[PDB]
Amino acid sequence: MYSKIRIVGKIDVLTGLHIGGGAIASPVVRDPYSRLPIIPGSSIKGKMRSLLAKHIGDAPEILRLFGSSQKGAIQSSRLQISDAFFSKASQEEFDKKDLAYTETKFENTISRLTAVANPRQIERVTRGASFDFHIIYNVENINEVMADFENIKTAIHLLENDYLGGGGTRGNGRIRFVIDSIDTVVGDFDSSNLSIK
Amino acid sequence: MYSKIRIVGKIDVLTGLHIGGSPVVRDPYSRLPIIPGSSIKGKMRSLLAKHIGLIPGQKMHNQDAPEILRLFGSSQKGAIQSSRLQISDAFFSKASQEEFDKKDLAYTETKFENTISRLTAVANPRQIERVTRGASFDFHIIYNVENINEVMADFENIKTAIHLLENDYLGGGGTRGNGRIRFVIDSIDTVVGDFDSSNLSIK
Amino acid sequence: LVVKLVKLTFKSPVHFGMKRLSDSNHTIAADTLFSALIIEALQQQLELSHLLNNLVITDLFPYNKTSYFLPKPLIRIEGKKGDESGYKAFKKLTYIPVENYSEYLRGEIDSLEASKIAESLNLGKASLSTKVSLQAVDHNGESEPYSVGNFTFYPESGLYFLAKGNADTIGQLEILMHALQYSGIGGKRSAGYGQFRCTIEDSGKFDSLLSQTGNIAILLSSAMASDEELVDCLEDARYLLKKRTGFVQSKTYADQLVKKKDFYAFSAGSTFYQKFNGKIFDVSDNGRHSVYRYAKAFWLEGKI
Amino acid sequence: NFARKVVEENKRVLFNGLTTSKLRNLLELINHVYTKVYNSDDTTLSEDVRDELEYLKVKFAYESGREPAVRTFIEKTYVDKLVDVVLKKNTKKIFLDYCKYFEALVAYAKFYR
RNA sequence: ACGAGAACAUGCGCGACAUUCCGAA
C-alpha cells in the first residue's frame with residue numbers, strides 16, 4: 001500500500017562547513033538547546049534540488065521529489081530531509097583532544113583600487129566533525145521508486161562533488177555521505193536492492 | 001546534463017609558505033598547516049585579472065573581465081554569475097607527513113627577520129612562522145561545465161592563472177622570498193557527467 | 001472505551017503554527033492531531049469510520065522528566081484579602097501537573113505556588129530559524145529570506161495525549177501513530193521538522209483521575225457541541241473561544257490551495273456543569289472532499 | 001591554581017629574570033612533542049615519543065645549566081619531575097595535563113609582566 | 001485532509017601591503 005523508506009547515515013565534513021544563521025562574526029546555525037552545530041534539512045533539500053535541476057535541465061521529477069505548490073499540479077514532497085545533528089561519536093572525539101566544535105576563519109579582501117585588505121571573520125564546523133542525517137522517502141507511486149532513487153543518487157554524487165553551505169567556491173562546505181542503512185520502515189516495499197551513493 | 005571536472009594534485013612548496021591566521025593557518029582537527037582555498041582562488045583571480053586587463057578606476061571584483069566573472073564568479077545584482085571554479089582547502093599531504101616524520105621535521109619553522117631604520121639604524125627583530133620547503137599539499141579543484149563551447153577557453157584561462165601562480169607566491173610576503181609554490185597535476189578527469197576532459201590540461 | 005496514553009518524543013524541532021510561519025507553538029490541539037491522523041489513514045488506505053465515530057482524543061499536553069501536565073481549569077479562584085495582582089499568576093498559569101491538579105480544583109494552590117508551577121514546566125526552547133529562497137536568483141532576481149518558528153524539546157520532555165475508544169479503534173490508532181512517527185506533525189515536515197517517535201501504553205496515573213466523579217467537567221480537547229446540546233450546556237460555564245483557521249492541506253481538494261471555513265471551538269480547560277458530546281464538523285466549502293474539524297469532548301470530572 | 005601561586009611567588013622581574021626568549025627553545029620542543037602526540041591516537045606514549053621526552057628532559061637540564069632564571073624556573077615549577085611522572089605513568093592524558101600546566105605557566109608569567 | 005504547500009542564508013571577496021637578524025669588537 002503506502003511505504004516509507006528510512007535512510008540514516010553520516011555527513012562527514014571534508015572542509016569547514018558554514019551554514020549561516022553570544023556575539024559571533026558570521027555564526028553558524030545551532031541547536032537552540034544544546035548549542036551544537038546543525039545542518040538544516042532545508043539547506044540539504046535546497047542544495048540537492050538545485051543540483052538535480054542543473055543536472056536534468058520546474059521539471060516533473062523535481063516536483064515529485066521535493067514537492068510543488070504550483071496551481072493545479074499540487075505535488076506532495078516525497079523526500080523529507082530532517083536536520084543533521086552533531087554526531088555523538090564526533091562529540092566524544094571532539095571532547096577528547098580538547099577541540100572545539102566550531103573554528104574561526106580569518107579572510108582578506110584586497111581592494112581592486114587601493115590594494116587594501118579588508119579583514120573578515122567567519123565561523124565554520126571543524127573538519128573532523130560528523131552529522132547524523134536522517135531522510136524519509138515516501139512511496140506515493142511504486143513504479144517511480146527506481147527513477148526517484150537514481151535521481152537521489154545523482155543529487156548525492158553532485159553534492160559530494162559540491163559544497164553544502166557558505167562560500168564553497170573558496171574551499172568551504174565540502175562533505176561526504178556515508179549511508180549507514182536503507183530500510184523500509186513503513187509498508188511492504190522491498191528496499192534491499194535500493195542504494196544511495 | 002551537468003558535468004563536474006575534478007582536478008586533483010600537489011602544491012609543492014619551494015620557499016617557506018606563510019598564510020596568516022605570526023602563526024600560520026592550521027587545520028584545527030590535525031593541527032597541520034593548511035592552504036585555504038580562498039587564498040588560492042583570490043591569488044589566481046587577481047593574477048588573471050592583472051594579466052587579461054584591469055579596467056581603470058575599478059573598485060569591485062564584479063567589474064573584472066567577462067572571462068574572470070565567468071570563471072571565478074560574479075555577484076552583481078541581476079547579472080549573478082555562478083563561479084565555475086571551486087578551489088578547496090589544500091591539506092598537508094600524508095606523504096609529506098611521512099617524509100617529515102623521518103629526519104624529525106616539525107612541519108613548520110620560525111624565520112627571524114629584522115627591520116633596520118633608515119636614520120637610527122635600529123634593527124627591530126620579529127619572527128614569522130612558515131611551512132617548511134619540503135612540504136606538499138593535496139589540492140582539489142572542481143570545474144563546473146555550464147557552457148560546452150566555453151570549456152576549452154576557460155581551461156586556457158586556468159592554465160594562464162597557474163602559469164602566473166608558479167611564477168608568483170601564495171601567501172604572506174612573497175616579494176621577500178615566501179610562498180613560492182609549484183603545481184603538479186595528478187589527474188584531470190570528468191568526475192560527474194559524460195564530458196570528455198582527456199585533452200584538457202592546465203600546465 | 002479504554003484510555004491509552006500516547007507519548008511523543010521529538011527528534012528534530014517542531015514548527016507548530018498558530019497564524020504565521022514565524023509562530024513557534026509548543027503544542028497542537030486535537031484538531032491538528034486528528035487531521036494528521038485522517039491524512040495518515042487516507043495514505044494507508046484504511047477505513048475512516050473508527051476515527052470519525054469512536055475516537056475521542058485530547059490536546060497535545062506537555063510532559064517533562066517529573067510529571068505530566070494537564071490544562072489549567074477555568075475555575076473561579078479566590079486570592080488573599082489584599083493580593084489583587086496575585087491573580088495574574090493564575091492568569092499566566094497554563095499547565096498543572098496531575099499530582100497538583102486536584103489541589104488546584106479545591107483552591108489549595110496559592111499565587112506563589114501557581115508561579116512555581118508555571119516556572120516548573122521544562123518543555124523546551126522556542127527559536128526562529130531564518131532561511132532563504134535562491135530560486136529567483138537563477139532568473140536574474142534576488143534571494144528571498146523568510147522565517148520558520150521552531151520549538152525544540154528538552155531531552156526528557158515531549159508531548160503526550162490520551163485516546164479513548166474500543167479495541168479496534170485503539171489498534172488502528174497504533175498503526176496510524178506508527179506511520180505518523182515518520183510522516184511528522186506540524187509545519188515544515190518535508191523541510192526537517194516534526195519528526196518524532198511515539199509510545200502507546202496504559203495510563204494508571206491518568207485512570208486515577210478519569211475515574212474521578214465531581215460537580216464540574218473540564219475539557220481536555222478543543223471541542224464544541226451541536227445546537228441542541230449548546231442550548232443547555234452553556235449555563236454557568238467558564239470557557240475560552242478559539243478561532244480555528246488555516247488552509248486545506250490536500251492534493252485533490254481543488255486546483256490551488258484555499259482556506260477552509262472559519263471555526264470556533266471551546267478551549268482545553270473550559271469548565272462546564274453539563275457534559276456535551278461534540279462531533280466532527282465539516283469546514284469544507286464545495287470542495288472535492290469534506291474537510292473535517294474534530295471538536296469532540298474528552299472530559300475530566302472534578303470537584304470545585 | 002598552582003601555576004598562579006608559583007608565578008606570584010616568583011614575581012617581584014619573574015623567576016629571577018626569566019623572559020619568553022629564554023624559554024622559546026623549551027616551548028618549541030614541548031609543542032613539537034605535543035603535536036606529535038596529538039596526531040597519534042593512542043592511550044600510551046609511543047617509544048619514539050618516550051625518547052623525545054627524555055630529550056626534552058635533557059634539554060631542560062641544559063637550559064637550567066645555561067641560565068639562572070631558567071634554572072630557578074625549572075626548580076620552582078617541578079617541570080622536570082612532572083616529565084618524569086609523565087614518563088612513569090605513560091598516559092596521554094597525563095602528558096596533555098602537563099602540557100596544559102606548562103601553557104598556563106607561560107600564560108600567567110606573561111600576564112604578570 | 002496538520003496556518004498548510006514550494007523556498008540552499010546564499011552570490012563576490014588572497015590575512016595581504018613596507019620591513020637586511022643587523023652595528024660593535
# chains A, B, ... in the order shown; residues from 1 in each chain; ligands from 1

call {"tool": "interface_residues", "arguments": {"of": "chain A", "to": "chain E", "cutoff": "6 Å", "atoms": "only C-alpha atoms (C1' of nucleotides)", "output": "number ranges by chain"}}
result
A: 20, 43, 46-47, 68-69, 107-109, 117

call {"tool": "closest_atom_pairs", "arguments": {"of": "chain B", "to": "chain E", "cutoff": "8 Å", "atoms": "only C-alpha atoms (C1' of nucleotides)", "output": "Markdown table"}}
result
| residue | atom | partner | partner_atom | distance |
| --- | --- | --- | --- | --- |
| B:19 | CA | E:15 | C1' | 7.0 |
| B:20 | CA | E:15 | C1' | 5.2 |
| B:21 | CA | E:15 | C1' | 6.3 |
| B:38 | CA | E:14 | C1' | 6.6 |
| B:39 | CA | E:14 | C1' | 4.2 |
| B:40 | CA | E:14 | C1' | 6.8 |
| B:41 | CA | E:14 | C1' | 7.3 |
| B:42 | CA | E:14 | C1' | 4.5 |
| B:43 | CA | E:14 | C1' | 5.1 |
| B:61 | CA | E:12 | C1' | 6.8 |
| B:62 | CA | E:12 | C1' | 6.8 |
| B:73 | CA | E:12 | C1' | 6.8 |
| B:74 | CA | E:12 | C1' | 5.4 |
| B:75 | CA | E:12 | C1' | 4.7 |
| B:76 | CA | E:12 | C1' | 7.8 |
| B:80 | CA | E:11 | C1' | 6.9 |
| B:81 | CA | E:11 | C1' | 7.9 |
| B:82 | CA | E:11 | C1' | 7.2 |
| B:112 | CA | E:21 | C1' | 6.2 |
| B:113 | CA | E:21 | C1' | 5.3 |
| B:114 | CA | E:21 | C1' | 5.5 |
| B:115 | CA | E:19 | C1' | 4.9 |
| B:116 | CA | E:22 | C1' | 7.1 |
| B:121 | CA | E:23 | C1' | 7.8 |
| B:123 | CA | E:22 | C1' | 5.9 |
| B:125 | CA | E:21 | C1' | 6.8 |
| B:170 | CA | E:14 | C1' | 7.7 |
| B:171 | CA | E:14 | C1' | 7.0 |
| B:172 | CA | E:16 | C1' | 6.8 |

call {"tool": "residues_around", "arguments": {"residues": "residue C:8", "least_positions_apart": "3", "cutoff": "7 Å", "atoms": "only C-alpha atoms (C1' of nucleotides)", "output": "list in words"}}
result
residues 158, 159, 160, 196, 197, 198 and 199 of chain C

call {"tool": "write_last_selection", "arguments": {"atoms": "N, CA, C and O atoms", "output": "compact mmCIF listing (two decimals), in the first residue's frame"}}
result
# COMPACT_ATOMS: atom_id res chain seq x y z
N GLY C 158 8.45 16.16 26.15
CA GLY C 158 7.72 15.78 24.96
C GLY C 158 6.25 16.10 25.11
O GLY C 158 5.84 16.81 26.03
N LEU C 159 5.46 15.55 24.19
CA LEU C 159 4.03 15.83 24.14
C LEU C 159 3.25 14.53 24.27
O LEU C 159 3.44 13.60 23.48
N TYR C 160 2.38 14.46 25.26
CA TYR C 160 1.54 13.29 25.45
C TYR C 160 0.08 13.63 25.16
O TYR C 160 -0.31 14.80 25.15
N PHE C 196 9.20 12.57 15.02
CA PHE C 196 9.09 12.12 16.40
C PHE C 196 8.98 10.60 16.44
O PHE C 196 8.80 9.94 15.42
N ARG C 197 9.10 10.06 17.65
CA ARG C 197 8.80 8.67 17.94
C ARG C 197 7.81 8.62 19.09
O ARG C 197 7.96 9.35 20.08
N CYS C 198 6.81 7.76 18.97
CA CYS C 198 5.72 7.69 19.92
C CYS C 198 5.63 6.30 20.55
O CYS C 198 5.94 5.29 19.91
N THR C 199 5.21 6.27 21.81
CA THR C 199 4.96 5.04 22.54
C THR C 199 3.54 5.08 23.10
O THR C 199 3.12 6.09 23.67

call {"tool": "residues_around", "arguments": {"residues": "residue D:90", "least_positions_apart": "4", "cutoff": "9 Å", "atoms": "only C-alpha atoms (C1' of nucleotides)", "output": "list in words"}}
result
residues 43, 44, 45, 46, 50, 85, 86, 94 and 95 of chain D

call {"tool": "write_last_selection", "arguments": {"atoms": "N, CA and C atoms", "output": "PDB file, in the first residue's frame"}}
result
ATOM      1  N   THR D  43      46.394   5.630  23.825  1.00  0.00           N
ATOM      2  CA  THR D  43      46.349   5.958  25.243  1.00  0.00           C
ATOM      3  C   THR D  43      47.725   5.943  25.894  1.00  0.00           C
ATOM      4  N   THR D  44      48.707   5.298  25.269  1.00  0.00           N
ATOM      5  CA  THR D  44      50.053   5.192  25.810  1.00  0.00           C
ATOM      6  C   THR D  44      51.040   5.915  24.903  1.00  0.00           C
ATOM      7  N   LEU D  45      52.038   6.548  25.516  1.00  0.00           N
ATOM      8  CA  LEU D  45      53.070   7.238  24.753  1.00  0.00           C
ATOM      9  C   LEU D  45      53.966   6.224  24.051  1.00  0.00           C
ATOM     10  N   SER D  46      54.186   6.432  22.755  1.00  0.00           N
ATOM     11  CA  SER D  46      54.986   5.508  21.966  1.00  0.00           C
ATOM     12  C   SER D  46      56.464   5.619  22.341  1.00  0.00           C
ATOM     13  N   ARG D  50      58.604   8.610  23.879  1.00  0.00           N
ATOM     14  CA  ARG D  50      59.310   8.479  25.151  1.00  0.00           C
ATOM     15  C   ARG D  50      60.751   8.965  25.033  1.00  0.00           C
ATOM     16  N   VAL D  85      57.186  12.073  35.849  1.00  0.00           N
ATOM     17  CA  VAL D  85      55.889  11.490  36.187  1.00  0.00           C
ATOM     18  C   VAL D  85      55.154  11.045  34.927  1.00  0.00           C
ATOM     19  N   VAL D  86      55.168  11.884  33.887  1.00  0.00           N
ATOM     20  CA  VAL D  86      54.527  11.526  32.622  1.00  0.00           C
ATOM     21  C   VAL D  86      55.181  10.289  32.023  1.00  0.00           C
ATOM     22  N   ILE D  94      47.917  12.270  30.964  1.00  0.00           N
ATOM     23  CA  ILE D  94      48.876  12.911  31.858  1.00  0.00           C
ATOM     24  C   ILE D  94      49.794  13.845  31.078  1.00  0.00           C
ATOM     25  N   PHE D  95      50.208  13.433  29.877  1.00  0.00           N
ATOM     26  CA  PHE D  95      51.039  14.299  29.048  1.00  0.00           C
ATOM     27  C   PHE D  95      50.292  15.563  28.641  1.00  0.00           C
TER      28      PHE D  95
END

call {"tool": "interface_residues", "arguments": {"of": "chain C", "to": "chain A", "cutoff": "6 Å", "atoms": "only C-alpha atoms", "output": "PyMOL selection string"}}
result
chain C and resi 44+190-192+251+255-256

call {"tool": "write_last_selection", "arguments": {"atoms": "N, CA and C atoms", "output": "compact mmCIF listing (two decimals), in the first residue's frame"}}
result
# COMPACT_ATOMS: atom_id res chain seq x y z
N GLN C 44 -2.62 5.37 4.06
CA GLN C 44 -2.56 3.92 4.23
C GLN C 44 -3.82 3.21 3.75
N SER C 190 8.47 18.28 5.56
CA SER C 190 9.37 17.92 4.47
C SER C 190 10.66 18.72 4.47
N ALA C 191 10.75 19.78 5.28
CA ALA C 191 11.94 20.62 5.35
C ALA C 191 12.70 20.43 6.66
N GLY C 192 12.47 19.32 7.35
CA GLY C 192 13.24 18.97 8.52
C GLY C 192 12.62 19.31 9.86
N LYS C 251 -4.00 17.41 -1.85
CA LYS C 251 -3.62 17.48 -3.26
C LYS C 251 -4.80 17.30 -4.21
N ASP C 255 -7.86 22.95 -7.30
CA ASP C 255 -6.70 23.20 -8.15
C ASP C 255 -5.59 23.89 -7.36
N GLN C 256 -5.86 25.08 -6.84
CA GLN C 256 -4.93 25.80 -5.99
C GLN C 256 -5.30 25.62 -4.52

call {"tool": "interface_residues", "arguments": {"of": "chain A", "to": "chain B", "cutoff": "10 Å", "atoms": "only C-alpha atoms", "output": "JSON, numbers by chain"}}
result
{"A": [14, 15, 16, 51, 52, 53, 54, 55, 56, 57, 94, 97, 99, 100, 101, 102, 103, 104, 105, 106, 107, 108, 109, 110, 111, 112, 113, 114, 115, 126, 127, 128, 129, 154, 157, 158, 161, 162, 163, 167, 168, 169, 170, 171, 172, 173, 174]}

call {"tool": "select_by_dssp", "arguments": {"residues": "stretch 6-72 of chain C", "states": "strand (DSSP E)", "output": "list in words"}}
result
residues 6, 7, 8, 9, 10, 56, 57, 61, 62, 63, 69, 70 and 71 of chain C

call {"tool": "residues_around", "arguments": {"residues": "residue B:16", "least_positions_apart": "2", "cutoff": "6 Å", "atoms": "only C-alpha atoms (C1' of nucleotides)", "output": "list in words"}}
result
residues 130, 131, 132, 133, 178 and 179 of chain B

call {"tool": "write_last_selection", "arguments": {"atoms": "C-alpha atoms", "output": "PDB file, in the first residue's frame"}}
result
ATOM      1  CA  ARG B 130      56.492  29.395   7.727  1.00  0.00           C
ATOM      2  CA  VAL B 131      55.825  25.982   6.224  1.00  0.00           C
ATOM      3  CA  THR B 132      58.995  24.011   5.527  1.00  0.00           C
ATOM      4  CA  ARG B 133      60.155  23.859   1.914  1.00  0.00           C
ATOM      5  CA  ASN B 178      57.938  33.455   0.766  1.00  0.00           C
ATOM      6  CA  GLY B 179      55.044  31.463  -0.613  1.00  0.00           C
TER       7      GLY B 179
END

call {"tool": "closest_atom_pairs", "arguments": {"of": "chain C", "to": "chain E", "cutoff": "8 Å", "atoms": "only C-alpha atoms (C1' of nucleotides)", "output": "Markdown table"}}
result
| residue | atom | partner | partner_atom | distance |
| --- | --- | --- | --- | --- |
| C:17 | CA | E:3 | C1' | 5.8 |
| C:18 | CA | E:3 | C1' | 5.8 |
| C:19 | CA | E:3 | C1' | 4.6 |
| C:20 | CA | E:3 | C1' | 5.9 |
| C:21 | CA | E:3 | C1' | 7.4 |
| C:32 | CA | E:2 | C1' | 4.9 |
| C:33 | CA | E:2 | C1' | 6.8 |
| C:35 | CA | E:2 | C1' | 5.9 |
| C:36 | CA | E:2 | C1' | 5.2 |
| C:38 | CA | E:1 | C1' | 6.3 |
| C:39 | CA | E:1 | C1' | 5.2 |
| C:130 | CA | E:9 | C1' | 7.0 |
| C:131 | CA | E:9 | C1' | 5.4 |
| C:132 | CA | E:9 | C1' | 5.1 |
| C:133 | CA | E:7 | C1' | 4.7 |
| C:134 | CA | E:8 | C1' | 6.8 |
| C:135 | CA | E:7 | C1' | 7.2 |
| C:143 | CA | E:10 | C1' | 7.5 |
| C:145 | CA | E:9 | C1' | 7.3 |
| C:185 | CA | E:2 | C1' | 6.2 |
| C:186 | CA | E:2 | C1' | 5.5 |
| C:187 | CA | E:2 | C1' | 7.2 |
| C:245 | CA | E:3 | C1' | 6.7 |
| C:246 | CA | E:3 | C1' | 4.4 |
| C:247 | CA | E:4 | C1' | 5.2 |
| C:248 | CA | E:4 | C1' | 6.4 |
| C:249 | CA | E:4 | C1' | 5.3 |
| C:250 | CA | E:1 | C1' | 5.6 |
| C:257 | CA | E:5 | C1' | 7.6 |
| C:291 | CA | E:1 | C1' | 5.9 |
| C:292 | CA | E:1 | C1' | 7.2 |

call {"tool": "write_last_selection", "arguments": {"atoms": "N, CA and C atoms", "output": "mmCIF file, in the first residue's frame"}}
result
data_model
loop_
_atom_site.group_PDB
_atom_site.id
_atom_site.type_symbol
_atom_site.label_atom_id
_atom_site.label_comp_id
_atom_site.auth_asym_id
_atom_site.auth_seq_id
_atom_site.Cartn_x
_atom_site.Cartn_y
_atom_site.Cartn_z
ATOM 1 N N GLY C 17 2.348 26.074 14.107
ATOM 2 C CA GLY C 17 1.944 27.427 13.789
ATOM 3 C C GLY C 17 0.532 27.735 14.246
ATOM 4 N N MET C 18 0.327 28.981 14.671
ATOM 5 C CA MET C 18 -0.996 29.486 15.011
ATOM 6 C C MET C 18 -1.618 30.260 13.855
ATOM 7 N N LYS C 19 -0.920 31.280 13.358
ATOM 8 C CA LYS C 19 -1.361 32.006 12.175
ATOM 9 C C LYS C 19 -0.247 32.308 11.185
ATOM 10 N N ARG C 20 1.023 32.177 11.563
ATOM 11 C CA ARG C 20 2.131 32.581 10.711
ATOM 12 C C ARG C 20 3.180 31.481 10.675
ATOM 13 N N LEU C 21 4.081 31.586 9.697
ATOM 14 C CA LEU C 21 5.224 30.688 9.614
ATOM 15 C C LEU C 21 6.294 31.024 10.644
ATOM 16 N N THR C 32 -5.529 19.490 15.002
ATOM 17 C CA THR C 32 -4.346 19.231 14.187
ATOM 18 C C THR C 32 -3.974 17.755 14.210
ATOM 19 N N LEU C 33 -3.990 17.146 15.397
ATOM 20 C CA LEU C 33 -3.637 15.736 15.501
ATOM 21 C C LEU C 33 -4.650 14.859 14.778
ATOM 22 N N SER C 35 -6.563 15.754 12.196
ATOM 23 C CA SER C 35 -6.379 15.931 10.761
ATOM 24 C C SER C 35 -5.161 15.159 10.268
ATOM 25 N N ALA C 36 -4.080 15.157 11.055
ATOM 26 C CA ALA C 36 -2.917 14.348 10.706
ATOM 27 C C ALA C 36 -3.265 12.865 10.677
ATOM 28 N N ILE C 38 -6.251 11.548 10.070
ATOM 29 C CA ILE C 38 -7.085 11.298 8.896
ATOM 30 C C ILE C 38 -6.229 11.244 7.636
ATOM 31 N N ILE C 39 -5.267 12.163 7.516
ATOM 32 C CA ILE C 39 -4.359 12.144 6.372
ATOM 33 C C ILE C 39 -3.573 10.840 6.340
ATOM 34 N N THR C 130 16.057 31.518 10.450
ATOM 35 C CA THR C 130 15.931 32.332 9.249
ATOM 36 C C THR C 130 16.506 31.567 8.062
ATOM 37 N N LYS C 131 15.684 31.366 7.040
ATOM 38 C CA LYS C 131 16.055 30.658 5.825
ATOM 39 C C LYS C 131 16.006 31.626 4.648
ATOM 40 N N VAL C 132 16.393 31.136 3.469
ATOM 41 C CA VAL C 132 16.429 31.953 2.265
ATOM 42 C C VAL C 132 15.898 31.139 1.091
ATOM 43 N N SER C 133 15.476 31.853 0.049
ATOM 44 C CA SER C 133 14.990 31.246 -1.187
ATOM 45 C C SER C 133 15.817 31.795 -2.341
ATOM 46 N N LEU C 134 16.627 30.934 -2.953
ATOM 47 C CA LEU C 134 17.519 31.319 -4.036
ATOM 48 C C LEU C 134 16.957 30.987 -5.411
ATOM 49 N N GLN C 135 15.675 30.625 -5.495
ATOM 50 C CA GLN C 135 15.107 30.219 -6.776
ATOM 51 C C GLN C 135 15.022 31.382 -7.754
ATOM 52 N N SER C 143 17.569 36.957 -3.663
ATOM 53 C CA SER C 143 17.208 35.966 -2.660
ATOM 54 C C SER C 143 16.085 36.489 -1.774
ATOM 55 N N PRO C 145 14.621 35.918 1.834
ATOM 56 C CA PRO C 145 14.648 35.293 3.159
ATOM 57 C C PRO C 145 13.256 35.174 3.758
ATOM 58 N N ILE C 185 4.464 15.772 12.335
ATOM 59 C CA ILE C 185 3.343 16.629 12.695
ATOM 60 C C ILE C 185 3.826 18.070 12.750
ATOM 61 N N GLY C 186 2.984 18.987 12.283
ATOM 62 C CA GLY C 186 3.298 20.398 12.374
ATOM 63 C C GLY C 186 3.446 21.099 11.041
ATOM 64 N N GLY C 187 4.518 21.869 10.901
ATOM 65 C CA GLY C 187 4.697 22.742 9.760
ATOM 66 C C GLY C 187 5.552 22.135 8.672
ATOM 67 N N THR C 245 -8.482 28.206 12.239
ATOM 68 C CA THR C 245 -8.319 28.709 10.885
ATOM 69 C C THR C 245 -7.307 27.833 10.152
ATOM 70 N N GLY C 246 -7.020 28.188 8.911
ATOM 71 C CA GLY C 246 -5.940 27.553 8.182
ATOM 72 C C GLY C 246 -6.346 27.233 6.759
ATOM 73 N N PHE C 247 -5.368 26.734 6.010
ATOM 74 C CA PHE C 247 -5.560 26.281 4.641
ATOM 75 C C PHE C 247 -5.749 24.770 4.609
ATOM 76 N N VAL C 248 -6.425 24.299 3.568
ATOM 77 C CA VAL C 248 -6.671 22.871 3.396
ATOM 78 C C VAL C 248 -5.423 22.225 2.806
ATOM 79 N N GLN C 249 -4.818 21.308 3.559
ATOM 80 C CA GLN C 249 -3.644 20.569 3.099
ATOM 81 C C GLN C 249 -4.135 19.307 2.401
ATOM 82 N N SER C 250 -4.295 19.396 1.083
ATOM 83 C CA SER C 250 -4.736 18.256 0.293
ATOM 84 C C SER C 250 -4.357 18.490 -1.161
ATOM 85 N N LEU C 257 -4.395 26.068 -3.653
ATOM 86 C CA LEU C 257 -4.617 25.966 -2.217
ATOM 87 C C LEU C 257 -5.601 27.034 -1.758
ATOM 88 N N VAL C 291 -13.663 18.452 4.330
ATOM 89 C CA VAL C 291 -12.592 18.693 5.292
ATOM 90 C C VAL C 291 -13.182 18.625 6.695
ATOM 91 N N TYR C 292 -12.583 17.801 7.548
ATOM 92 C CA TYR C 292 -13.110 17.539 8.878
ATOM 93 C C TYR C 292 -12.388 18.372 9.928
#

call {"tool": "select_by_dssp", "arguments": {"residues": "chain D", "states": "helix (DSSP H, G or I)", "output": "PyMOL selection string"}}
result
chain D and resi 2-9+20-39+47-66+68-77+79-89+92-111

call {"tool": "closest_residue", "arguments": {"among": "B:99, B:77, B:147, B:22", "to": "chain C", "atoms": "only C-alpha atoms"}}
result
B:77

call {"tool": "atom_distance", "arguments": {"atom1": "atom CA of residue A:49", "atom2": "atom CA of residue A:132"}}
result
20.3 Å

call {"tool": "decode", "arguments": {"residues": "stretch 73-87 of chain C", "atoms": "N, CA and C atoms", "output": "PDB file, in the first residue's frame"}}
result
ATOM      1  N   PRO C  73      -7.725  24.375  34.671  1.00  0.00           N
ATOM      2  CA  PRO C  73      -9.175  24.588  34.647  1.00  0.00           C
ATOM      3  C   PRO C  73      -9.513  26.066  34.743  1.00  0.00           C
ATOM      4  N   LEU C  74     -10.601  26.446  34.073  1.00  0.00           N
ATOM      5  CA  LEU C  74     -11.079  27.827  34.098  1.00  0.00           C
ATOM      6  C   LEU C  74     -12.092  27.953  35.231  1.00  0.00           C
ATOM      7  N   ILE C  75     -11.583  27.860  36.456  1.00  0.00           N
ATOM      8  CA  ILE C  75     -12.412  27.888  37.652  1.00  0.00           C
ATOM      9  C   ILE C  75     -12.251  29.240  38.331  1.00  0.00           C
ATOM     10  N   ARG C  76     -13.236  29.581  39.157  1.00  0.00           N
ATOM     11  CA  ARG C  76     -13.208  30.825  39.918  1.00  0.00           C
ATOM     12  C   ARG C  76     -12.351  30.613  41.159  1.00  0.00           C
ATOM     13  N   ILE C  77     -11.182  31.243  41.184  1.00  0.00           N
ATOM     14  CA  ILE C  77     -10.211  31.074  42.259  1.00  0.00           C
ATOM     15  C   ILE C  77     -10.210  32.321  43.130  1.00  0.00           C
ATOM     16  N   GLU C  78     -10.029  32.123  44.433  1.00  0.00           N
ATOM     17  CA  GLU C  78     -10.028  33.206  45.407  1.00  0.00           C
ATOM     18  C   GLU C  78      -8.615  33.412  45.931  1.00  0.00           C
ATOM     19  N   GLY C  79      -8.166  34.662  45.939  1.00  0.00           N
ATOM     20  CA  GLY C  79      -6.851  35.014  46.430  1.00  0.00           C
ATOM     21  C   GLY C  79      -6.877  35.453  47.879  1.00  0.00           C
ATOM     22  N   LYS C  80      -5.865  36.231  48.251  1.00  0.00           N
ATOM     23  CA  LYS C  80      -5.768  36.751  49.605  1.00  0.00           C
ATOM     24  C   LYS C  80      -6.693  37.955  49.778  1.00  0.00           C
ATOM     25  N   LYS C  81      -6.623  38.572  50.960  1.00  0.00           N
ATOM     26  CA  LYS C  81      -7.514  39.687  51.265  1.00  0.00           C
ATOM     27  C   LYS C  81      -7.108  40.947  50.511  1.00  0.00           C
ATOM     28  N   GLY C  82      -5.823  41.092  50.198  1.00  0.00           N
ATOM     29  CA  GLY C  82      -5.362  42.281  49.507  1.00  0.00           C
ATOM     30  C   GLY C  82      -4.409  42.017  48.359  1.00  0.00           C
ATOM     31  N   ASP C  83      -4.353  40.770  47.888  1.00  0.00           N
ATOM     32  CA  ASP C  83      -3.437  40.384  46.816  1.00  0.00           C
ATOM     33  C   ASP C  83      -4.192  40.426  45.489  1.00  0.00           C
ATOM     34  N   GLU C  84      -4.341  41.642  44.957  1.00  0.00           N
ATOM     35  CA  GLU C  84      -5.050  41.811  43.693  1.00  0.00           C
ATOM     36  C   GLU C  84      -4.203  41.351  42.511  1.00  0.00           C
ATOM     37  N   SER C  85      -2.901  41.645  42.531  1.00  0.00           N
ATOM     38  CA  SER C  85      -2.036  41.263  41.421  1.00  0.00           C
ATOM     39  C   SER C  85      -1.685  39.781  41.430  1.00  0.00           C
ATOM     40  N   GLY C  86      -1.826  39.107  42.575  1.00  0.00           N
ATOM     41  CA  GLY C  86      -1.523  37.688  42.631  1.00  0.00           C
ATOM     42  C   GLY C  86      -2.389  36.861  41.705  1.00  0.00           C
ATOM     43  N   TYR C  87      -3.618  37.319  41.446  1.00  0.00           N
ATOM     44  CA  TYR C  87      -4.482  36.638  40.489  1.00  0.00           C
ATOM     45  C   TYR C  87      -3.806  36.500  39.133  1.00  0.00           C
TER      46      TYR C  87
END
